[PDB]
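Asker: Starting from these lines, generate the structure:
(6 chains, ligands or ions: 2)
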Amino acid sequence: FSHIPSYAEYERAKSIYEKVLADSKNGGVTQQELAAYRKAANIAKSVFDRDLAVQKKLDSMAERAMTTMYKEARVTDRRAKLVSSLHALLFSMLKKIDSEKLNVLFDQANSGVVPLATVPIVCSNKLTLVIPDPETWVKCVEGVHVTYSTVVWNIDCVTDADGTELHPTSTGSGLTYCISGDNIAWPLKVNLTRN
Amino acid sequence: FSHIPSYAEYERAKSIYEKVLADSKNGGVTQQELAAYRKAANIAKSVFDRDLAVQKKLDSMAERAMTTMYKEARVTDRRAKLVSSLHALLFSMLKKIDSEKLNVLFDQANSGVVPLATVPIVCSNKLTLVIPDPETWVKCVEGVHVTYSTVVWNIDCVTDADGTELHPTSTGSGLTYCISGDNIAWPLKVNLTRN
Amino acid sequence: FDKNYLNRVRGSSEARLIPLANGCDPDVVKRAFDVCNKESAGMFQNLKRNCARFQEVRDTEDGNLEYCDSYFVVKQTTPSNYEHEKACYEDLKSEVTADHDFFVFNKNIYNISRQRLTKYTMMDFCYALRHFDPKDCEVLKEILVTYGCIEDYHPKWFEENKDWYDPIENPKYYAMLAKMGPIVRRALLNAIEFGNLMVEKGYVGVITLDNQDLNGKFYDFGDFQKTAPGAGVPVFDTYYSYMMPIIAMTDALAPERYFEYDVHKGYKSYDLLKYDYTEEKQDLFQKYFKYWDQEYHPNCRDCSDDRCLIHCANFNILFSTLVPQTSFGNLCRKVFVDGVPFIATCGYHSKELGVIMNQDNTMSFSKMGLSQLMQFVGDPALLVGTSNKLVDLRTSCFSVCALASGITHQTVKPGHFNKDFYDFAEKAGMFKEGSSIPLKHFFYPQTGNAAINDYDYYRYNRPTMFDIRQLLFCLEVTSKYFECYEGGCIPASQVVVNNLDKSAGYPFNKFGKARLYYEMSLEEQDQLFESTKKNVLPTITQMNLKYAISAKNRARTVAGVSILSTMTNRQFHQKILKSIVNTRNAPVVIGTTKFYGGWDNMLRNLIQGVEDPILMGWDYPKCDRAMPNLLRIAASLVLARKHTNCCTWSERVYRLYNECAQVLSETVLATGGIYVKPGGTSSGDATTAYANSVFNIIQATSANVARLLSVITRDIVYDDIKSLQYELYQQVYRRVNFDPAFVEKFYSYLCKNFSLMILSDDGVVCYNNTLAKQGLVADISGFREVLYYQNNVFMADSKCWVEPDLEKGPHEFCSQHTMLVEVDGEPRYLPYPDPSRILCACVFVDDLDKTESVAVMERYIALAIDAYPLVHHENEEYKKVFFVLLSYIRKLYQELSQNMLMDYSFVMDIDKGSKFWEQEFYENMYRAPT
Amino acid sequence: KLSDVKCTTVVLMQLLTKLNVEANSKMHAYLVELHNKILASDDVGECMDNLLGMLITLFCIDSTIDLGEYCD
RNA sequence: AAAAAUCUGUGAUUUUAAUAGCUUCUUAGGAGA
RNA sequence: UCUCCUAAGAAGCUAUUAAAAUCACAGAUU
Ligand SMILES: [Zn+2]
Ligand SMILES: [Zn+2]
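Answerer: Numbers count the residues shown, from 1 in each chain, chains lettered A, B, ... in the order given. Ligands and ions are numbered 1, 2, ... in the order given. Now the structure:
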């Protein structure tokens, strides 16, 4: 409250008025000068109040600017972090593209364009197969080799819903997977692999 | 209570103003002193706009903060004991349901006959019980049939803790196992099935 | 009876016959027609009186007579028409013409004998499959049985199978219809041959469906007028336009498929890298629809306006059932990043629209910014191209890849029990034997497989054609409803986001929520949106389960469309969306408030102006799953019709291919696997409610046009509608460019009667009952018929209602019953919920924190605001549902005040400063403002 | 009396889920079937039997020490 | 790991408008030294 | 030549009420 310079002038006016109103009592009331002192003190108080109000109103601008600059700094920091994370993700997912297969897939394309749906069908080497019922396992698995479309696949593992692993049972003709028991929780997620 | 004194001073000023205006019946012409008293009372009143406002704002803020703290301290305590709270709630609810069926089931469970705790229960047509002592064995089973719940189950095979499998005893009425109780160790594991 | 007449009719066919008439007299039968002359117009069903019919019989190997379907029809006419038809048959003798025979049996009787015609013509089949009602279904059963479309048919088969007509409950249905494909294929090919023959011989006339005997042979030539040889004008504008939906309901062109697919053994050998089928759709079109008198651009690039776009998309939807499914979706190209090759999109190949190529292409990248990195990451072309193939047999939808982490199962949890309130309610007497408020709306768990078992319901979406003429006129009428709204593009700075802390889809959701991605400088959001008008930006979509109170046991799902979609769709659509939200007294109710006397205003504005009102309603079974693609495209175009100046046509095509590639054909990512969404709206897509509302308006207008066209205009009592009906047929079918002077008149007629009130899927209409009784307006039975072949679902009457007494208000709109109670001395409608829901939302809570009553006091204050109108309810058992909540809020406040004393404080000021446990605060929420 | 069973079943299912029954993909489905049948029914005769069936599984998962307290 | 919208309550900050009051400059009316 | 009261205009400060905007939490509907 006393920081503003006008407070010092207001205090000086207060002191001057207090001293003069007591020093002038020798000549009596002397309303002529008492009114002048009253008016001077009134003007001083009004000016002090106006200056104080103006300064108080102007104060908030500094806080607003500080908040704005702090927010700008935080948003740019977050942008930098996000850009780094996106770059890392892109360069991590781009690291496992075998250029050899990509060099032959686009050789047969109609002017170097191939629909996206047929990239994994011609480039991949593992087919994740899901079987929800014995009525489908009998009609699809066909022993140990699964034939989908035209190619012939093998089997690497068989995992059930619980997360455990089934194992083959050797027989005279060859390995087989035991199905239709009451202790296996469907579906069975089979991980194949190209021949 | 620090706000009440301001109310007391305001009331005192108002009462003094009332007394002076009532006594000063001549103030109608000499309204200078009446106006001075009115202005003094008004200045005394004006303190409320500051004092009551600040008191109300501070009290509201403190109450909000303290209520939020109390709510957090209550919800954390509620969450701290979740599983035991669930057990207590379940038992308090079961006590409310008047059904001799559940009472019989719980009495039998306390007796010592309960599922084997392994080979988890998966169907509505199979179980696996343990019968500690001959007394509860005689109480529960009757020849080929057993009644663990209100329903009646059929026995399939009986096993002893050592792994030896038991067989029924021929009798005119029907198959029986009671005599074997006193000649073989305990407990027995019985594989049931829905009737 | 006369035997000489039968003997003469026998002719030289050397076949047995049995008379059906009592002699030379004609026979009366009910047949559908397609008539348009100087007095009538429509697809009505009228009696036939000009022909006598004889039935051929044959001797079976068992010695018993078999009543084969071969019929001899002997039409009788005047000598002039007799000679005219004789001269006409002198030509047009090809194999596609039913063998005629001309003779005069007596001095006064002229006969034109047509030999071995099938009972029902093509028009009967089309009409019966269109206007389907399960109580007058003989015309369809007598066709399905004869042509062996039910392989296991034994006497009284239909008695045992009571739901043979339900598309979504009879798994064999479509396999039952598909055995009719050969008949429609033969009909089309014979129509083309006969058209060529007529052009060669030079006859100008009108051909319609009822001309074509079911065998595929045309059998009457009354109207044809000769002309110069080599110059003829056959017109099939209404032959094809009426059977259009049935060419794709019965899979007519199945023998043309380019691939053979076995669900267990995969595709047989076929061309795998061919995507441009633009040179084969044209050949098929010329082979089948040669006489369609309008152009056809296989690729929607070249379409001139938003009507030709629909016209060509309709054909593409039929011709895209033959292209192998591994050929659609994003294209791709080989580019380099600092010398390291990878994959990036280079166009799009959509089922309904056609091939589009990006206008910008690059073959190098370095120092990529944030926008380009986001575009690369969000685009599926780089994720699907570097992961293992997937083949799961749980779902019929295509499956293109499986993530590295593998397939994982996710479950749902049960709801908590709030005993602290159940005990209080029981003490107050709410729960007791024989109560009128049984508990419902529980919290239901789900097993492991629900996440994909629910998504499997997309098998209900199948490629359906529309008859373009009726659909286009209905679109022109529907667009009249949205003529009083603002529309355009807005710059980035003017966009408004309701809530910013919500997921940004996959894969962006890993790093942060939408708040982080909305910090991009506006100069980058603007660049992204502008570059969406010259490119196609496909994106991935998640499928996450929902967890909320529900009476129905089935699970739920919502699609988390990625940020690259919303960030631009907002800029595109927000202006018209906010103009729809800020309009009052319009058919679309979105944005109107139920409180403060809003419900009464809506209801008394719906009812005003309609004579003899009788409300009604309807429900779309599985709207999200079974919505046809063409209607979604039509809704998007109706909303995008307002960009007269801000965008060119090409940009309005690229924007539509972006919306189609981001919503209508998402690359769904559900449970550790990447599938391909067949079609239908996604719930979480931007502007879902408004698209649903537009689709609802389209359906409601079609349900009226179809019913108004199919009445005998010769017998309409009113002389004003008797001409509107006649003009409607000509304006719909026999003209190419719509006439606004008539669209406005028909919309005025459709708004004077059959008022409307629509909010997304819900709806209500009060239609003039006197007209609806005469078939001039779409009553309840007029919606099932249209939904049968425009949505592929059966709308059971158990899901609809009718309230003739208006004073009782709608039975149920927006899941809130309506009641009439005097307020301020006048009768005003009030809503009120189902009390079981209010009572069972306080007992069950979805989190452990909410079980602590004191901490969530606001829940009951917000619940008691909506359950107040139950105080006026007559049933004495419903007022407790509100007074108990009031007492419970009082108890909560008292308990909190008493308990807080343990901290050495008094809350008396706020305690006594609470007006919430009194009836005055809530009672003022259903009163019109001063 | 029906509401008592319909409200006890939810808390019982919550307890079973907290006991980590979701690990088994067979027992969980059977329990969910029983719980849904109890919730969607009206006759207390079937609800009581299904609740007893659900409760039979509780002892198998965890032999609660509180088994001896409900008796008194 | 939890979507696009609309509506409605409660709490916090800012502005505006009105009411009451305080301080001050100016003008005008009543009279006083 | 100055002083008290009264009315208006204007400047500043206090509070009370009402509306609008921004932020946070919570319910309902599609
Ligand atoms: Zn076109
Ligand atoms: Zn635009």
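Asker: could you say which helix or strand contains residue C:440?
Answerer: Using DSSP states H and E, residue C:440 falls within no helix or strand.
Asker: Next, count neighbours for residue 25.
Answerer: Since no chain was named, I'll use chain A. Per other CB atoms under 10 Å in any protein chain shown, the neighbour tally for residue A:25 reads 11. C-beta coordinates here come from the backbone N, C-alpha and C atoms, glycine included.
Asker: I was thinking of chain D, sorry if that wasn't clear
Answerer: Counted with other CB under 10 Å, residue D:25 comes out at 19.
Asker: That one: what's its closest spatial neighbour, skipping adjacent residues?
Answerer: Leaving aside its sequence neighbours, residue D:25 sits nearest to residue A:161 (CB to CB, 6 or more residues apart in numbering or on different chains; 3.9 Å).
Asker: if I look at the residue of the stretch 501-650 of chain C found nearest chain D, how far off is ligand 2?
Answerer: Nearest residue of the stretch 501-650 of chain C to chain D (CB to the nearest CB) works out as residue C:553 at 6.0 Å. Distance of residue C:553 to ligand 2, computed by CB to the ion, to the nearest Å: 45 Å.
Asker: Pull the residues that contact the biggest strand by length in chain A.
Answerer: Ranked by residue count and defined by DSSP state E, the top strand of chain A is strand A:151-159. Here strand A:151-159 makes contact (CB atoms under 8 Å, 6 or more residues apart in numbering or on different chains) with A:127, A:141, A:144-147, A:165-166, A:177, A:188-195.
Asker: ok, residues contacting the helix or strand just after that strand?
Answerer: Per DSSP H and E, the first helix or strand lying C-terminal to strand A:151-159 is strand A:168-169. Strand A:168-169 is contacted by residues A:144, A:175-178 when judged by CB under 8 Å, 6+ apart.
Asker: TSV for these, including distance to chain D and secondary structure?
Answerer: Output for those, formatted as TSV (distance: CB to the nearest CB, whole Å; DSSP: H, G, I helix; E, B strand; the rest coil):
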residue	distance to chain D	secondary structure
A:144	25	coil
A:175	26	coil
A:176	23	strand
A:177	19	strand
A:178	17	coil
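Asker: Out of the residues you listed, the closest to residue C:327 would be?
Answerer: Lowest distance from residue C:327 to the contacts of strand A:168-169 (CB to CB) belongs to residue A:144, with 32.7 Å.
Asker: Quick check: the closest one touching residue A:170?
Answerer: No - contact criterion CB atoms under 8 Å: residue A:144 and residue A:170 do not qualify, at 11.1 Å.
Asker: okay, the two: which has more neighbours?
Answerer: The neighbour count for residue A:144 versus residue A:170, taken as other CB under 10 Å, is higher for residue A:144 (13 against 8).
Asker: what's near enough to touch the residue lying closest to the residue of the stretch 501-650 of chain C closest to chain D once chain neighbours are set aside?
Answerer: Excluding the flanking residues, the one nearest residue C:553 by CB to CB, 6+ apart is residue C:444, at 5.6 Å. Neighbour list for residue C:444: C:412, C:414, C:550, C:553, D:36, D:39 [criterion: CB under 8 Å, 6+ apart].
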